[PDB]
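Student: Chains as they are written, first to last, in UniProt numbering: chain A, 487 to 534; chain B, 16 to 272; chain C, 94 to 186; chain D, 196 to 244; chain E, 632 to 728; chain F, 72 to 145, 157 to 208; chain G, 204 to 237; chain H, 20 to 331.
By construction, the Cβ of each residue, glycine as well, lies at the ideal position given by its N, Cα and C atoms.
Okay, here's the structure, questions in a sec.
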RNA sequence: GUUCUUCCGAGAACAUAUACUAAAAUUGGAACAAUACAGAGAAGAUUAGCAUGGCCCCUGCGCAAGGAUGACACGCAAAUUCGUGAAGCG
RNA sequence: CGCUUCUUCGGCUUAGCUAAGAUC
Ligand SMILES: [Mg+2]
Ligand SMILES: [Mg+2]
Ligand SMILES: [Mg+2]
Ligand SMILES: [Mg+2]
Ligand SMILES: [Zn+2]
Ligand SMILES: [Zn+2]
Ligand SMILES: [Zn+2]
């Protein structure tokens, strides 16, 4: 559950920012699904 | 942000039961008219009612002297458009976001210098006593409680209310969607523009009969009637004397008992 | 001035009122705010503008001159006397 | 003549984030009305000054 | 590790969430003065102090626009010092100079 | 408590002359007994009358449907119970319906036809 | 093209500072618009 | 500057620390302190002077303390409650000297004998008056009335027990006869408190009919014993046992009120002399300081108010 | 619904007011991908970097730092007022 | 005694810093 919760909860934060070109896979690797524009790659730069 | 002990509400919103339970939620809603977060109050006005809650914040109630839920005027129980008409209060209140946010800030500063018991100046200090009478003689006197009943059950409109007699919502005819009373907006009802129920009031108030002097400018005579029969029920000539010399110099008074 | 030229006197008033919040010690703004009212024959507005100006900056002669002169040109000479009397109450130059 | 009402406080959910945006910015309230300037009379400048 | 990282992430994820829901209020937060920004900040506060001395020093009744010219004389007086040129402005008032 | 002498404003209504603290009345804190407060709510809600909440209530001892209060001073349906706890399919403990219980409500076809056009007129906006 | 990031200043008087009360009744002034 | 009437630290003092409805409050006869209690079951003691510090707090009741009285020498505090028990608290020790565990229902009121041997009259929801003597476990007298009794006092000679209750009539029981020698009839509704004048000539009796009636309890009275009627206070739907008390000079009378106001009447004229605001709920108990013109009032609002009054 | 009463089909005690009440129906508000065009601060060019301002944001855990110096700024700047003599007229 | 043309008199208001910021 804590993994389902945490996974869902990070996905919501991605979607809350409309970063729908990022994908959080189930082992929590954060993959860009497409080559990123300067706008997209700036906008999607999550922090620590 | 703004906070208070108790909501600005009219008695028909509170119900006839003088014992109430109410919930306070600080900053629990944004004000429908200005998006500012405000302390929200929620209550059920007697059994069979729905849970009502405050819709306006107190500054927006004070800046129109309106009930925070039903947004009728707190003095006469009339919509704003009716009251702003009779008092000649123009649509002065700003409506654009940054402009009216600035305005409301100054209202709150100004009222904060007062005693807290008054609306804004325009309506706190209006004195047209004839206009006050026109409003008094059209405001509803009894509290209308039917405006706190539950919403109509959409599943009953769909013909499929799967809760049956356990459904709290109303199982009855909607208002016909061609009637303009079905199509109301909180902003229209607050600022007092294009309000359907206001126009239905103003028209029927204007259609009421009235005195008007004749074209005979030489006539200065008034008939007076309903004086009752002769005897102890009849008004004396002194009675008319005392009531009517208030207004002007009677040349003659003729009594016909 | 531009709002006056478009006839938007009520807008023009608020703009001068907002100017005075920025610099209430600017004699130019009070005079230009006054002159535009009396250009528009808004004599009771203009009187209120001058009473504020002379109330706030009693040492600025330009308000007392322009105000008492306006009240004289408009032939309210006992009004003009009381302006000069109120001026002399400040023991002016 | 009077109502009497029990005011309970609605329970806040601790797991609920801040509800409303407050990045709004609006002009300052206008200053309190002008204090009269209260100067000593002007001292005349000569053109030499 | 988790003992100490728990409150750190609780704060950090709070700040992340709060700007994600409230928005970023940070307009008009005081920017502090740091390595590269010192030398421009010295020139701000110099010119502000100079300007305050100008306006207090001039007597009442002078067109204030003269003050912005005096700040030009300051910048020339510095360059002449920097470049060791002798600086002398012939008509400059001695309190201003 | 010595009354204010002299006339009273013709212009202000009695609502406007009234003693007040907020925009609409005199709010003040109170401490009732919690038990009796609850009793009075439920009497008004269920019976139509309650004892008057005002301080200095005077003669008006009862509020609401006072006719019942003076007359009375202050049947249920049956439920299809099946408390056989071993009856895996059949048991209905607290969830025993009334035998009357109209577990679904549908309008008559006359009301249906009226309400059918209402949703269509709403949908015809498109 | 629609615009909504700001008040339209021509719709209503922006940040309207109302003229203070004074001893002379301002409503005696009748102005005719140009 | 303004006139002052007492050694109080301020003309009005607000005493805070109770956790529930304060049903009862009394001054020590020596004037040094006052004791207060109620639904929170603790008994709080307060000095009348200086900071009015809550110098002691007795605990022990397993129920609300409905009534609370000092013995006349101030050496003991009598208290009674919904734990069916009367307790006598030793002042110097702070300890339960006696626990008259013999009532069978809530004890509504208590009054110690004024002089001679210490006797404790008590009235209860079991319908009985009982007089308990400190020296015996068994009560000296049990006077079974048919209906619940809410208030009790001795007469001044401590040989008649006066009680009232749901039947509205006050009984007067004569302790050598074990009979009701006479009854005082006139209240329209249940009595909530009875208090005996300093001289003992008169009693007042408060009732849910919102009147206080003054009765002449002297052995011989040449006619009607009803002396007069006071009005102004109100009893609300909480049906608290609103007490009543006498000024130590008898010129003034008080009663509890549900309308938040602290009422004082003048005994001779029956006019209200004070109707002080300041409580936020039922003023359940009111008393006068025995030596100095100070008023005690105890609210359902968990507040005790001490203040000066001009006892002219 | 349970522990007890009995004259027997009733009575005493215990138990005491859930729910932003919807399976809904309505109603605002942000960014998206790219055909051709002409293309990104400083008195010639290559042009740093750092500041300043408000009803301008974005990334960031952030009083750190980036986003073209993040973008903008880029001149009718009059804003308390005159004084002079010739020559036509009339 | 008044209007107009013209000149004529006082007034007639540079948007920081850094190693000229660096380089030819
Ligand atoms: Mg660069
Ligand atoms: Mg930067
Ligand atoms: Mg950069
Ligand atoms: Mg920048
Ligand atoms: Zn609002
Ligand atoms: Zn309302
Ligand atoms: Zn339904």
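In the DSSP output, what is residue 234(H) paired with across the bridge?
Tutor: Residue mapping note: residue 234(H) aligns to position 215 of the eighth chain, counting from 1. Partner(s): 222(H) and 245(H).
Student: In or out: residue 32(B) buried (at least 16 other Cβ within 10 Å) or exposed?
Tutor: Taking the first residue of the second chain as 1, we reach residue 32(B) at position 17. Here residue 32(B) is buried, its C-beta having at least 16 other C-beta atoms within 10 Å.
Student: What are the partner residues of residue 168(H), as DSSP defines its beta bridges?
Tutor: Position 149 of the eighth chain holds residue 168(H). In the DSSP output, where bridge partners are listed per residue, residue 168(H) has 184(H).
Student: Taking 8 Å as the limit between beta carbons, can you name the residues of its chain near residue 68(B), skipping five residues before and five after?
Tutor: Within the second chain, numbered from 1, the residue matching residue 68(B) stands at position 53. Closer than 8 Å at the Cβ level, and outside the excluded window around residue 68(B), lie 44, 55, 56, 57, 58 and 84.
Student: With a threshold of 7 Å between beta-carbons, can residue 100(F) be considered close to chain H, or not?
Tutor: Sequence index remark: in the sixth chain, residue 100(F) carries index 29 (1-based). Yes - at least one Cβ of chain H is within 7 Å of the one on residue 100(F).
Student: Does the distance between the C-beta of residue 199(D) and the nearest non-hydrogen atom of ligand 5 fall short of 6 Å?
Tutor: Numbered from its first residue, the fourth chain carries residue 199(D) at position 4. False, no ligand heavy atom lies under 6 Å from that Cβ.
Student: With C-beta atoms as the reference, is residue 116(F) less than 7 Å away from residue 159(F)?
Tutor: Residue mapping note: residue 116(F) aligns to position 45 of the sixth chain, counting from 1. Residue mapping note: residue 159(F) aligns to position 77 of the sixth chain, counting from 1. Their beta carbons are not under 7 Å apart, which means residue 116(F) does not touch residue 159(F) by this criterion.
Student: Take the Cβ of residue 159(C) as the centre, count every other Cβ of all protein chains shown within 10 Å, and call the residue buried at 16 or more, exposed below.
Tutor: As a first step, residue 159(C) must be located in the third chain, where it is residue number 66. Residue 159(C) is buried by the Cβ-count criterion.
Student: Whose C-beta lies closer than 6 Å to the C-beta of residue 120(H) among residues of the same chain, with five residues either side of it excluded?
Tutor: Indexing the eighth chain from 1 puts residue 120(H) at position 101. Only 104 meet the Cβ criterion.
Student: Whose Cβ in chain G lies nearer than 8 Å to the Cβ of residue 111(B)?
Tutor: Walking along the second chain from the start, residue 111(B) turns up at place 96. Ordered by position in chain G, the residues that pass the 8 Å Cβ test against residue 111(B) are 210, 211, 214 and 215.
Student: Could you check whether the Cβ of residue 120(F) sits closer than 6 Å to any heavy atom belonging to ligand 7?
Tutor: Locating residue 120(F) in the sixth chain gives position 49, counting from the first residue. Not so, every heavy atom of ligand 7 lies at least 6 Å from the Cβ.
Student: Using three-state DSSP, classify residue 23(H) as helix, strand or coil.
Tutor: Position 4 of the eighth chain holds residue 23(H). Coil.
Student: Check whether the Cβ atoms of residue 146(H) and residue 127(H) sit closer than 7 Å, and answer yes or no.
Tutor: The residue given as residue 146(H) occupies position 127 in the eighth chain. The residue given as residue 127(H) occupies position 108 in the eighth chain. Their beta carbons are not under 7 Å apart, which means residue 146(H) does not touch residue 127(H) by this criterion.
Student: With a threshold of 6 Å on Cβ separation, who are the neighbours of residue 119(C) within its own chain once the five nearest residues in sequence on each side are excluded?
Tutor: The sequence position of residue 119(C) within the third chain is 26, counting from 1. So no residue of the chain qualifies.
Student: Answer with yes or no whether the minimum CB distance from residue 226(G) to chain B is below 7 Å.
Tutor: By 1-based counting over the seventh chain, the position of residue 226(G) is 23. It does not: the Cβ of residue 226(G) has no partner Cβ on chain B nearer than 7 Å.
Student: Taking 7 Å as the CB-CB cut-off, is residue 299(H) touching chain F?
Tutor: Against the eighth chain, residue 299(H) aligns to sequence position 280. It does; some Cβ of chain F falls within 7 Å.
Student: Smallest Cα separation from residue 221(G): which of 89(B), 107(B) and 95(B)?
Tutor: As a first step, residue 221(G) must be located in the seventh chain, where it is residue number 18. Answer by Cα proximity: 107(B).
Student: Looking at the C-beta of residue 125(F), does it have a partner C-beta in chain D at a distance below 7 Å?
Tutor: In the sixth chain, the residue the question calls residue 125(F) occupies position 54. So, interface residue.
Student: Measure how close the beta-carbons of residue 171(H) and residue 130(H) come, nearest whole angstrom, since I'm counting them as under 8 Å.
Tutor: Residue 171(H) sits at position 152 when you count from the first residue of the eighth chain. Residue 130(H) sits at position 111 when you count from the first residue of the eighth chain. Indeed, because the Cβ distance is near 6 Å, the residues count as touching under 8 Å.
Student: In chain D, which residues lie with their C-beta within 7 Å of the C-beta of residue 118(C)?
Tutor: Numbered from 1 along the third chain, position 25 holds the residue referred to as residue 118(C). Those within 7 Å of residue 118(C) in chain D are 232.
Student: Chain F beta carbons: is any one of them nearer than 7 Å to that of residue 62(B)?
Tutor: Position 47 of the second chain holds residue 62(B). Answer yes: the Cβ-Cβ gap between residue 62(B) and chain F drops below 7 Å somewhere.
Student: Compare the C-beta of residue 52(B) against all C-beta atoms of chain D and say whether one is closer than 7 Å.
Tutor: Numbered from 1 along the second chain, position 37 holds the residue referred to as residue 52(B). Chain D, which has a Cβ nearer than 7 Å to the Cβ of residue 52(B), makes this yes.
Student: In three-state terms, what does DSSP make of residue 695(E)?
Tutor: The sequence position of residue 695(E) within the fifth chain is 64, counting from 1. It is coil, neither helix nor strand.
Student: Could you name the residues of the same chain whose beta carbon sits closer than 8 Å to that of residue 122(C), not counting the 5 residues immediately before and after it, in chain order?
Tutor: As a working mapping, residue 122(C) is identified with position 29 in the third chain. Counting only Cβ-Cβ distances below 8 Å, and skipping sequence neighbours, we find 109, 112, 113 and 116.
Student: Kindly indicate which residue of 233(D), 240(D) and 242(D) has the alpha-carbon position closest to the one of residue 153(C).
Tutor: Numbered from its first residue, the third chain carries residue 153(C) at position 60. Residue 153(C) has its Cα closest to that of 233(D), out of 233(D), 240(D) and 242(D).
Student: Quick one: does residue 225(D) have its CB under 7 Å from some CB of chain C?
Tutor: By one-based count along the fourth chain, residue 225(D) stands at place 30. Yes, residue 225(D) counts as interfacial toward chain C.
Student: Applying the criterion that 16 or more other CB atoms from any shown protein chain within 10 Å of the CB defines a buried residue, is residue 166(H) buried or exposed?
Tutor: Numbered from its first residue, the eighth chain carries residue 166(H) at position 147. Flag for residue 166(H) reads exposed.
Student: What residues from chain D crowd round residue 655(E), counting only those whose CB sits closer than 7 Å?
Tutor: The residue labelled residue 655(E) in the question sits at position 24 within the fifth chain. By Cβ distance, chain D contributes 218.
Student: In this structure, what does DSSP give as the bridge partners for residue 17(B)?
Tutor: Counting from one through the second chain, the residue named residue 17(B) turns up at place 2. 53(B).
Student: Tell me the residue span of the beta strand (DSSP E) that contains residue 284(H).
Tutor: Sequence index remark: in the eighth chain, residue 284(H) carries index 265 (1-based). Segment 281-285, the beta strand (DSSP E) holding residue 284(H).
Student: Any beta-carbon of chain D closer than 7 Å to the one on residue 47(B)?
Tutor: Locating residue 47(B) in the second chain gives position 32, counting from the first residue. No, no contact with chain D.
Student: Can you tell me whether residue 271(B) is helix, strand or coil according to DSSP?
Tutor: Within the second chain, residue 271(B) is the residue found at index 256, counting from 1. Three-state result, residue 271(B): coil.
Student: So that I know if they touch, is there some Cβ in chain D lying closer than 7 Å to that of residue 649(E)?
Tutor: As a working note, residue 649(E) is residue 18 in the fifth chain. With 7 Å as the cut-off, residue 649(E) counts as an interface residue toward chain D.
Student: Give a single yes or no on whether residue 49(B) has its beta carbon closer than 6 Å to a heavy atom of ligand 5.
Tutor: Looking up residue 49(B) in the second chain gives position 34. Flag set: Cβ of residue 49(B) near ligand 5.
Student: Counting pairs of beta carbons, one from the stretch 93-104 of chain B and one from the stretch 132-152 of chain B, are three or more of them closer than 8 Å?
Tutor: yes
Student: Determine, using beta-carbon pairs with one atom in the stretch 293-303 of chain H and one in the stretch 259-267 of chain H, whether at least three such pairs fall under 8 Å.
Tutor: yes
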